[PDB]
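model_24.cif (mmCIF, C-alpha atoms and all ligand atoms) appears below.
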```cif
data_entry
loop_
_atom_site.group_PDB
_atom_site.id
_atom_site.type_symbol
_atom_site.label_atom_id
_atom_site.label_comp_id
_atom_site.auth_asym_id
_atom_site.auth_seq_id
_atom_site.Cartn_x
_atom_site.Cartn_y
_atom_site.Cartn_z
ATOM 1 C CA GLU A 1 14.747 19.216 18.033
ATOM 2 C CA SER A 2 15.471 19.316 14.292
ATOM 3 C CA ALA A 3 18.436 16.944 14.659
ATOM 4 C CA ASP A 4 16.157 14.480 16.467
ATOM 5 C CA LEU A 5 13.541 14.805 13.684
ATOM 6 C CA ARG A 6 16.228 13.842 11.136
ATOM 7 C CA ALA A 7 17.288 10.893 13.308
ATOM 8 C CA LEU A 8 13.630 9.806 13.417
ATOM 9 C CA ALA A 9 13.380 10.185 9.630
ATOM 10 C CA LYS A 10 16.487 8.009 9.189
ATOM 11 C CA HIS A 11 15.218 5.401 11.667
ATOM 12 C CA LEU A 12 11.952 5.155 9.742
ATOM 13 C CA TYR A 13 13.783 4.863 6.424
ATOM 14 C CA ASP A 14 16.070 2.121 7.770
ATOM 15 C CA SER A 15 13.051 0.199 9.136
ATOM 16 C CA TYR A 16 11.181 0.731 5.852
ATOM 17 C CA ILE A 17 14.126 -0.838 3.972
ATOM 18 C CA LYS A 18 14.067 -3.858 6.332
ATOM 19 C CA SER A 19 10.265 -4.269 6.156
ATOM 20 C CA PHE A 20 9.637 -3.795 2.412
ATOM 21 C CA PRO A 21 11.808 -5.947 0.066
ATOM 22 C CA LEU A 22 11.027 -4.024 -3.159
ATOM 23 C CA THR A 23 11.617 -0.300 -2.616
ATOM 24 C CA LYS A 24 10.662 2.499 -5.015
ATOM 25 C CA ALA A 25 14.383 2.948 -5.768
ATOM 26 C CA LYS A 26 14.738 -0.723 -6.781
ATOM 27 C CA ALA A 27 11.412 -0.524 -8.649
ATOM 28 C CA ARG A 28 12.432 2.546 -10.692
ATOM 29 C CA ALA A 29 15.754 0.840 -11.494
ATOM 30 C CA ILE A 30 13.702 -1.989 -13.052
ATOM 31 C CA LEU A 31 11.017 0.087 -14.819
ATOM 32 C CA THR A 32 13.489 2.508 -16.444
ATOM 33 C CA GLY A 33 15.832 -0.358 -17.411
ATOM 34 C CA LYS A 34 18.909 0.491 -15.332
ATOM 35 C CA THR A 35 19.503 -2.798 -13.460
ATOM 36 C CA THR A 36 22.105 -5.508 -14.120
ATOM 37 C CA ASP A 37 19.312 -8.022 -13.413
ATOM 38 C CA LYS A 38 17.516 -9.521 -16.428
ATOM 39 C CA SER A 39 14.286 -7.840 -17.573
ATOM 40 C CA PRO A 40 10.921 -8.607 -15.942
ATOM 41 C CA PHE A 41 8.675 -10.967 -17.919
ATOM 42 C CA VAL A 42 5.976 -8.871 -19.606
ATOM 43 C CA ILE A 43 2.364 -10.093 -19.382
ATOM 44 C CA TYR A 44 0.015 -8.238 -21.763
ATOM 45 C CA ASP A 45 -2.609 -10.848 -22.787
ATOM 46 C CA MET A 46 -3.930 -14.373 -22.077
ATOM 47 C CA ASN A 47 -1.119 -16.035 -24.044
ATOM 48 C CA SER A 48 1.723 -14.169 -22.301
ATOM 49 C CA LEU A 49 0.065 -14.815 -18.916
ATOM 50 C CA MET A 50 0.107 -18.558 -19.653
ATOM 51 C CA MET A 51 3.777 -18.482 -20.704
ATOM 52 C CA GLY A 52 4.934 -16.469 -17.677
ATOM 53 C CA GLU A 53 3.201 -18.565 -14.979
ATOM 54 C CA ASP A 54 6.527 -20.028 -13.783
ATOM 55 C CA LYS A 55 8.310 -16.649 -13.960
ATOM 56 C CA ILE A 56 5.762 -15.054 -11.588
ATOM 57 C CA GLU A 57 -10.810 -18.276 -15.274
ATOM 58 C CA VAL A 58 -8.112 -15.660 -15.963
ATOM 59 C CA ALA A 59 -9.789 -12.647 -14.306
ATOM 60 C CA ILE A 60 -10.482 -14.688 -11.161
ATOM 61 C CA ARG A 61 -6.927 -16.096 -11.206
ATOM 62 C CA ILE A 62 -5.445 -12.577 -11.400
ATOM 63 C CA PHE A 63 -7.752 -11.360 -8.609
ATOM 64 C CA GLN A 64 -6.558 -14.215 -6.366
ATOM 65 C CA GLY A 65 -2.970 -13.191 -7.161
ATOM 66 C CA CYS A 66 -3.771 -9.659 -6.003
ATOM 67 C CA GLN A 67 -5.223 -11.149 -2.791
ATOM 68 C CA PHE A 68 -2.090 -13.191 -2.053
ATOM 69 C CA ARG A 69 0.151 -10.143 -2.548
ATOM 70 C CA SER A 70 -2.177 -8.003 -0.398
ATOM 71 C CA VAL A 71 -1.932 -10.569 2.417
ATOM 72 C CA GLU A 72 1.867 -10.466 2.110
ATOM 73 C CA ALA A 73 1.798 -6.652 2.089
ATOM 74 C CA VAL A 74 -0.389 -6.466 5.215
ATOM 75 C CA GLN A 75 2.260 -8.482 7.080
ATOM 76 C CA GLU A 76 5.070 -6.220 5.808
ATOM 77 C CA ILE A 77 3.112 -3.128 6.865
ATOM 78 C CA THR A 78 2.465 -4.660 10.306
ATOM 79 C CA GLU A 79 6.204 -5.217 10.819
ATOM 80 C CA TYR A 80 6.902 -1.645 9.739
ATOM 81 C CA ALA A 81 4.224 -0.269 12.086
ATOM 82 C CA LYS A 82 5.859 -2.092 15.012
ATOM 83 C CA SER A 83 9.104 -0.175 14.301
ATOM 84 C CA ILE A 84 7.408 3.238 14.706
ATOM 85 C CA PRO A 85 8.451 4.649 18.102
ATOM 86 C CA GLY A 86 5.584 4.291 20.599
ATOM 87 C CA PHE A 87 3.389 2.042 18.437
ATOM 88 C CA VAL A 88 3.907 -1.262 20.301
ATOM 89 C CA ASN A 89 3.200 0.512 23.622
ATOM 90 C CA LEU A 90 -0.306 1.512 22.462
ATOM 91 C CA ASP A 91 -3.311 -0.467 23.674
ATOM 92 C CA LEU A 92 -3.225 -3.671 21.586
ATOM 93 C CA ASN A 93 -6.797 -3.212 20.341
ATOM 94 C CA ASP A 94 -5.877 0.288 19.118
ATOM 95 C CA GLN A 95 -2.874 -1.202 17.271
ATOM 96 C CA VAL A 96 -5.306 -3.576 15.544
ATOM 97 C CA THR A 97 -7.650 -0.674 14.705
ATOM 98 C CA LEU A 98 -4.832 1.414 13.214
ATOM 99 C CA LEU A 99 -3.777 -1.468 10.928
ATOM 100 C CA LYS A 100 -7.368 -2.416 10.005
ATOM 101 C CA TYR A 101 -8.140 1.092 8.702
ATOM 102 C CA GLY A 102 -4.592 1.902 7.574
ATOM 103 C CA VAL A 103 -3.312 -1.045 5.536
ATOM 104 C CA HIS A 104 -5.276 -0.530 2.292
ATOM 105 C CA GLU A 105 -4.463 3.194 2.215
ATOM 106 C CA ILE A 106 -0.795 2.182 2.506
ATOM 107 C CA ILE A 107 -1.150 -0.528 -0.161
ATOM 108 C CA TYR A 108 -2.561 2.071 -2.606
ATOM 109 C CA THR A 109 0.459 4.246 -1.777
ATOM 110 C CA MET A 110 3.060 1.489 -2.117
ATOM 111 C CA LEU A 111 1.539 0.039 -5.312
ATOM 112 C CA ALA A 112 2.294 3.440 -6.885
ATOM 113 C CA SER A 113 6.020 2.793 -6.265
ATOM 114 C CA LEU A 114 5.771 -0.302 -8.503
ATOM 115 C CA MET A 115 3.653 1.347 -11.226
ATOM 116 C CA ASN A 116 4.054 3.539 -14.265
ATOM 117 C CA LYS A 117 1.387 4.623 -16.773
ATOM 118 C CA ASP A 118 1.943 1.343 -18.693
ATOM 119 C CA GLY A 119 1.813 -1.325 -15.941
ATOM 120 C CA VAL A 120 2.754 -2.792 -12.560
ATOM 121 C CA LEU A 121 5.745 -4.799 -11.309
ATOM 122 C CA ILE A 122 4.770 -8.125 -9.725
ATOM 123 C CA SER A 123 6.595 -11.022 -8.029
ATOM 124 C CA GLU A 124 9.344 -8.823 -6.531
ATOM 125 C CA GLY A 125 9.957 -7.222 -9.948
ATOM 126 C CA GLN A 126 10.314 -10.540 -11.813
ATOM 127 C CA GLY A 127 7.104 -9.843 -13.765
ATOM 128 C CA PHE A 128 5.449 -6.801 -15.340
ATOM 129 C CA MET A 129 1.701 -6.883 -16.017
ATOM 130 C CA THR A 130 0.352 -4.162 -18.320
ATOM 131 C CA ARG A 131 -2.315 -1.682 -17.187
ATOM 132 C CA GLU A 132 -4.396 -2.329 -20.309
ATOM 133 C CA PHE A 133 -4.420 -6.113 -19.789
ATOM 134 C CA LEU A 134 -5.700 -5.525 -16.240
ATOM 135 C CA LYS A 135 -8.226 -2.877 -17.346
ATOM 136 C CA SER A 136 -9.459 -5.212 -20.117
ATOM 137 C CA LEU A 137 -10.369 -7.941 -17.592
ATOM 138 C CA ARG A 138 -14.118 -8.613 -17.667
ATOM 139 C CA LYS A 139 -16.520 -6.777 -15.367
ATOM 140 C CA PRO A 140 -16.370 -6.360 -12.428
ATOM 141 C CA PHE A 141 -12.609 -7.135 -12.280
ATOM 142 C CA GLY A 142 -11.315 -4.548 -14.778
ATOM 143 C CA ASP A 143 -12.779 -1.650 -12.777
ATOM 144 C CA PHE A 144 -11.228 -3.074 -9.579
ATOM 145 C CA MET A 145 -7.714 -2.792 -11.064
ATOM 146 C CA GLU A 146 -7.867 0.584 -12.842
ATOM 147 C CA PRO A 147 -8.341 2.920 -9.812
ATOM 148 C CA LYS A 148 -4.953 1.789 -8.434
ATOM 149 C CA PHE A 149 -3.254 3.046 -11.619
ATOM 150 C CA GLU A 150 -5.342 6.240 -11.640
ATOM 151 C CA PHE A 151 -4.097 7.063 -8.137
ATOM 152 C CA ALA A 152 -0.522 5.994 -8.970
ATOM 153 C CA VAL A 153 -0.256 8.393 -11.928
ATOM 154 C CA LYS A 154 -1.354 11.364 -9.809
ATOM 155 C CA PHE A 155 0.676 10.343 -6.732
ATOM 156 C CA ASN A 156 3.888 9.582 -8.663
ATOM 157 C CA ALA A 157 3.756 13.098 -10.154
ATOM 158 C CA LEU A 158 4.800 14.257 -6.659
ATOM 159 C CA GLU A 159 8.165 12.462 -7.166
ATOM 160 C CA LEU A 160 8.539 11.231 -3.580
ATOM 161 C CA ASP A 161 11.473 8.953 -2.751
ATOM 162 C CA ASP A 162 11.702 6.091 -0.242
ATOM 163 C CA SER A 163 12.891 8.456 2.520
ATOM 164 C CA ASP A 164 9.783 10.634 2.020
ATOM 165 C CA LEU A 165 7.454 7.623 1.786
ATOM 166 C CA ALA A 166 8.692 6.016 5.021
ATOM 167 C CA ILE A 167 7.484 9.048 7.015
ATOM 168 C CA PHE A 168 4.303 9.547 4.937
ATOM 169 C CA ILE A 169 3.284 5.923 5.590
ATOM 170 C CA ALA A 170 4.043 6.270 9.326
ATOM 171 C CA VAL A 171 1.836 9.383 9.559
ATOM 172 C CA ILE A 172 -1.046 7.505 7.892
ATOM 173 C CA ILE A 173 -0.773 4.520 10.248
ATOM 174 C CA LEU A 174 -0.795 6.760 13.353
ATOM 175 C CA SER A 175 -4.163 8.397 12.551
ATOM 176 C CA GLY A 176 -6.004 9.271 15.775
ATOM 177 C CA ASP A 177 -9.428 9.546 14.097
ATOM 178 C CA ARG A 178 -9.874 5.917 13.002
ATOM 179 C CA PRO A 179 -13.292 4.570 14.070
ATOM 180 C CA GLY A 180 -13.355 2.818 17.455
ATOM 181 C CA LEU A 181 -10.003 3.943 18.881
ATOM 182 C CA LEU A 182 -9.989 3.827 22.692
ATOM 183 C CA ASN A 183 -7.029 6.069 23.603
ATOM 184 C CA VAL A 184 -6.783 8.867 21.045
ATOM 185 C CA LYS A 185 -4.258 11.288 22.585
ATOM 186 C CA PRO A 186 -1.192 8.991 22.631
ATOM 187 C CA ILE A 187 -1.760 8.309 18.920
ATOM 188 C CA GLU A 188 -2.258 12.012 18.111
ATOM 189 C CA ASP A 189 0.955 12.884 20.008
ATOM 190 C CA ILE A 190 2.966 10.347 17.986
ATOM 191 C CA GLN A 191 1.401 11.594 14.742
ATOM 192 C CA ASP A 192 2.135 15.239 15.593
ATOM 193 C CA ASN A 193 5.839 14.376 15.907
ATOM 194 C CA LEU A 194 5.789 12.283 12.714
ATOM 195 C CA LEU A 195 4.120 15.209 10.909
ATOM 196 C CA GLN A 196 6.922 17.522 12.091
ATOM 197 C CA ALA A 197 9.465 14.985 10.805
ATOM 198 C CA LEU A 198 7.626 14.814 7.459
ATOM 199 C CA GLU A 199 7.480 18.607 7.062
ATOM 200 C CA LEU A 200 11.243 18.918 7.676
ATOM 201 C CA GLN A 201 11.989 15.954 5.382
ATOM 202 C CA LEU A 202 10.064 17.614 2.547
ATOM 203 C CA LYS A 203 11.623 21.066 3.156
ATOM 204 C CA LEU A 204 15.149 19.608 2.938
ATOM 205 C CA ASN A 205 14.586 16.920 0.281
ATOM 206 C CA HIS A 206 12.274 18.989 -1.983
ATOM 207 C CA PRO A 207 13.326 22.617 -1.339
ATOM 208 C CA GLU A 208 11.872 23.842 -4.665
ATOM 209 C CA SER A 209 8.397 22.397 -3.937
ATOM 210 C CA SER A 210 6.959 24.335 -0.970
ATOM 211 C CA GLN A 211 3.489 22.936 -1.766
ATOM 212 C CA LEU A 212 4.419 19.267 -1.234
ATOM 213 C CA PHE A 213 3.578 18.918 2.488
ATOM 214 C CA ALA A 214 0.114 20.464 2.060
ATOM 215 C CA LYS A 215 -0.516 18.275 -1.000
ATOM 216 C CA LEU A 216 0.478 15.116 0.900
ATOM 217 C CA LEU A 217 -1.888 16.032 3.769
ATOM 218 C CA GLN A 218 -4.653 16.234 1.148
ATOM 219 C CA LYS A 219 -3.586 12.863 -0.326
ATOM 220 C CA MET A 220 -4.089 11.303 3.125
ATOM 221 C CA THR A 221 -7.673 12.603 2.991
ATOM 222 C CA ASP A 222 -8.120 11.459 -0.631
ATOM 223 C CA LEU A 223 -6.932 7.939 0.267
ATOM 224 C CA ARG A 224 -9.881 7.530 2.656
ATOM 225 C CA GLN A 225 -12.388 8.228 -0.116
ATOM 226 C CA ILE A 226 -10.343 6.039 -2.488
ATOM 227 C CA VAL A 227 -10.377 3.095 -0.043
ATOM 228 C CA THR A 228 -14.138 3.459 0.587
ATOM 229 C CA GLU A 229 -14.653 3.110 -3.185
ATOM 230 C CA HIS A 230 -12.233 0.149 -3.186
ATOM 231 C CA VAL A 231 -14.418 -1.553 -0.556
ATOM 232 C CA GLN A 232 -17.508 -0.878 -2.722
ATOM 233 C CA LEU A 233 -15.808 -2.336 -5.823
ATOM 234 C CA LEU A 234 -15.000 -5.445 -3.750
ATOM 235 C CA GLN A 235 -18.725 -5.891 -2.980
ATOM 236 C CA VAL A 236 -19.555 -5.838 -6.707
ATOM 237 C CA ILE A 237 -17.120 -8.782 -6.891
ATOM 238 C CA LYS A 238 -17.733 -10.699 -3.634
ATOM 239 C CA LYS A 239 -21.531 -10.404 -3.675
ATOM 240 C CA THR A 240 -21.957 -11.293 -7.375
ATOM 241 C CA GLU A 241 -19.109 -13.782 -7.991
ATOM 242 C CA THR A 242 -20.332 -17.144 -6.644
ATOM 243 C CA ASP A 243 -17.003 -19.026 -6.463
ATOM 244 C CA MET A 244 -15.044 -16.032 -5.113
ATOM 245 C CA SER A 245 -13.118 -16.739 -1.902
ATOM 246 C CA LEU A 246 -11.540 -14.090 0.334
ATOM 247 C CA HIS A 247 -8.383 -14.829 2.337
ATOM 248 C CA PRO A 248 -9.128 -14.990 6.123
ATOM 249 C CA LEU A 249 -6.795 -12.066 6.918
ATOM 250 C CA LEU A 250 -8.586 -9.899 4.337
ATOM 251 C CA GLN A 251 -12.019 -11.060 5.551
ATOM 252 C CA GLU A 252 -11.001 -9.894 9.038
ATOM 253 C CA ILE A 253 -9.826 -6.470 7.832
ATOM 254 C CA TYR A 254 -12.929 -5.822 5.687
ATOM 255 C CA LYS A 255 -15.381 -7.046 8.370
ATOM 256 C CA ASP A 256 -17.090 -4.066 10.063
ATOM 257 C CA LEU A 257 -14.803 -1.602 8.246
ATOM 258 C CA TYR A 258 -16.670 1.704 8.715
ATOM 259 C CA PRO B 1 -8.613 -12.721 19.428
ATOM 260 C CA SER B 2 -7.701 -12.129 15.770
ATOM 261 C CA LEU B 3 -5.118 -12.618 13.009
ATOM 262 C CA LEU B 4 -4.005 -8.969 13.162
ATOM 263 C CA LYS B 5 -3.501 -9.334 16.921
ATOM 264 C CA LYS B 6 -1.376 -12.471 16.371
ATOM 265 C CA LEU B 7 0.800 -10.684 13.787
ATOM 266 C CA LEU B 8 1.194 -7.727 16.174
ATOM 267 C CA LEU B 9 2.299 -9.907 19.119
ATOM 268 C CA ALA B 10 4.964 -11.925 17.253
ATOM 269 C CA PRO B 11 8.455 -10.608 18.133
HETATM 270 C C1 LIG A 301 -5.852 -1.545 -1.906
HETATM 271 O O1 LIG A 301 -5.101 -2.750 -1.881
HETATM 272 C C2 LIG A 301 -5.477 -3.539 -2.918
HETATM 273 O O2 LIG A 301 -6.266 -3.210 -3.790
HETATM 274 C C3 LIG A 301 -4.781 -4.859 -2.828
HETATM 275 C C4 LIG A 301 -5.166 -5.735 -4.001
HETATM 276 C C5 LIG A 301 -4.348 -5.425 -5.209
HETATM 277 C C6 LIG A 301 -3.081 -5.946 -5.326
HETATM 278 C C7 LIG A 301 -2.306 -5.681 -6.436
HETATM 279 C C8 LIG A 301 -0.946 -6.288 -6.496
HETATM 280 N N1 LIG A 301 -1.004 -7.433 -7.371
HETATM 281 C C9 LIG A 301 0.101 -8.224 -7.553
HETATM 282 O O3 LIG A 301 1.197 -8.081 -7.033
HETATM 283 C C10 LIG A 301 -0.120 -9.334 -8.485
HETATM 284 C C11 LIG A 301 -0.799 -9.146 -9.673
HETATM 285 O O4 LIG A 301 -1.264 -7.868 -9.948
HETATM 286 C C12 LIG A 301 -2.320 -7.951 -10.896
HETATM 287 C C13 LIG A 301 -0.989 -10.212 -10.539
HETATM 288 C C14 LIG A 301 -0.497 -11.458 -10.208
HETATM 289 O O5 LIG A 301 -0.691 -12.512 -11.072
HETATM 290 C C15 LIG A 301 0.177 -11.640 -9.022
HETATM 291 C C16 LIG A 301 0.363 -10.582 -8.177
HETATM 292 O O6 LIG A 301 1.058 -10.939 -7.036
HETATM 293 C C17 LIG A 301 0.975 -12.320 -7.045
HETATM 294 C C18 LIG A 301 0.983 -13.098 -5.965
HETATM 295 C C19 LIG A 301 0.849 -14.512 -6.120
HETATM 296 O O7 LIG A 301 1.194 -15.233 -5.002
HETATM 297 C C20 LIG A 301 0.408 -15.053 -7.265
HETATM 298 C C21 LIG A 301 0.283 -16.519 -7.354
HETATM 299 C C22 LIG A 301 1.461 -17.330 -6.919
HETATM 300 O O8 LIG A 301 -0.746 -17.026 -7.778
HETATM 301 C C23 LIG A 301 0.071 -14.137 -8.379
HETATM 302 O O9 LIG A 301 -0.747 -14.457 -9.226
HETATM 303 C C24 LIG A 301 0.813 -12.838 -8.427
HETATM 304 C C25 LIG A 301 2.157 -13.070 -9.073
HETATM 305 C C26 LIG A 301 -2.807 -4.887 -7.451
HETATM 306 C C27 LIG A 301 -2.069 -4.597 -8.582
HETATM 307 C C28 LIG A 301 -2.592 -3.801 -9.577
HETATM 308 C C29 LIG A 301 -3.861 -3.287 -9.450
HETATM 309 C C30 LIG A 301 -4.604 -3.572 -8.329
HETATM 310 C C31 LIG A 301 -4.080 -4.367 -7.333
HETATM 311 C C32 LIG A 301 -4.848 -4.635 -6.220
#
```

This structure in structure tokens:
Amino acid sequence: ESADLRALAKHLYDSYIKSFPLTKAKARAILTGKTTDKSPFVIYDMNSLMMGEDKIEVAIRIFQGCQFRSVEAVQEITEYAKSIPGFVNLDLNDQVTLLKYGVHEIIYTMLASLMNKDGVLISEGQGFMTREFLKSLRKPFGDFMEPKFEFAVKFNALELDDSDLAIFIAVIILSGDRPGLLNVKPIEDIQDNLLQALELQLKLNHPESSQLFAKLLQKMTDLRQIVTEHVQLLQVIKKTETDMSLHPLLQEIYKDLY
Amino acid sequence: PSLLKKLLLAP
């Protein structure tokens, strides 16, 4: 049983590496300055943003950039989900439901991998935009950016690696209590096994942190409240900003969400 | 019929 849980953990990690180009390992190699690759271009104000356009209203332009990356990330997450044993055999409408309610929780999680207290890696690590530049963006855009860093700081304190994250993300996707699911048990059964794989992963990979599994279960709960607030912050933008356009994929995900 | 469904069905 345990051997099979480790094989599952490895399968998920290998799929995670195929599905997500910029891993936390690669990202930390960039942020700490340990890569043979040339440094990311730092964007900290309007002037540096202008200069680095080829390397990578201003607030609206940055928001659209976030949208384009989110659309790309949704497609990466979808490919990863399809690698989770049993997922593609679920009712197709349930697969859609799991992604609809799952993707933004996963994006919050995976953004953390690319973030430190000072900023976020963008354009596959070719750019680095500072937290304070993003927070300084005029209302209501500044307050849309900051919560992602606030979560990242707390989440990164857990010191998870890519192997941990692969299973954590899989558990989140296979949540049997998403609104409107038709066949709950097959999803719950997959999640129960993924949760066993996660517990064993954390016991072996973080032996001196017994609390980690319980904390991660709480983070899954926290992410729901975080994403609800994210959806509210988007309404302060979408409803008030007249020339604001949402990408069709994102419009679909946000439509009738909760 | 949706974009998520189309992404899910692509091999
Ligand atoms: C819960 O999920 C969410 O909240 C998702 C939304 C979400 C997505 C991100 C990630 N943002 C980025 O990677 C990014 C960026 O970050 C500020 C600037 C930026 O300038 C560009 C970015 O990526 C880009 C893609 C493009 O194609 C562009 C072009 C060609 O125009 C860009 O402009 C780029 C280079 C967030 C990053 C930090 C904070 C909140 C975020 C929210």

Taking all atoms of chain B that the file lists and extending 5 Å past them on each side, where is the centre of the axis-aligned box and how long are its edges? Answer in Å to one decimal, as JSON.
```
{"center_x": -0.1, "center_y": -10.2, "center_z": 16.2, "size_x": 27.1, "size_y": 15.0, "size_z": 16.4}
```

Discussion item. For this structure, which residues satisfy the selection - the PyMOL selection byres ((chain B) within 7 of (chain A and not hetatm)) - when it is evaluated on the file as given? I want them as a VMD selection string.
Written reply: chain B and resid 3 to 5 8

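Between atom CA of residue 43 of chain A and atom CA of residue 128 of chain A lies a distance of 6.1 Å.
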
Worksheet, complete the sentence: One decimal place gives the atom CA of residue 66 of chain A-atom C22 of ligand LIG 301 (chain A) separation as 9.3 Å

Practice prompt. Enumerate, as a list in words, the residues matched when the PyMOL selection byres (((chain A and resi 65) around 12) and not hetatm) is run on the file above.
Written response: residues 53, 56, 58, 59, 60, 61, 62, 63, 64, 66, 67, 68, 69, 70, 71, 72, 122, 123, 129, 245, 246 and 247 of chain A

Discussion item. I'd like the interatomic distance between atom CA of residue 54 of chain A and atom CA of residue 130 of chain A, to a tenth of an Å.
Written reply: 17.6 Å

Discussion item. Would you pick out the contacts of segment 15-25 of chain A at 12 Å or less, using all atoms listed in the file, so that residues sharing its chain but fewer than 6 positions from it are not included, and give the list as an NGL selection string?
Written reply: :A and (8-9 or 31-32 or 34-35 or 72-85 or 107 or 109-116 or 121-126 or 156 or 159-170)

Practice prompt. Convert the output of the PyMOL selection byres (((chain A and resi 186-199) around 7) and not hetatm) on the shown file into explicit residues, formatted as a PyMOL selection string.
Written response: chain A and resi 5-6+9+167-168+171+174-176+183-185+200-203+213
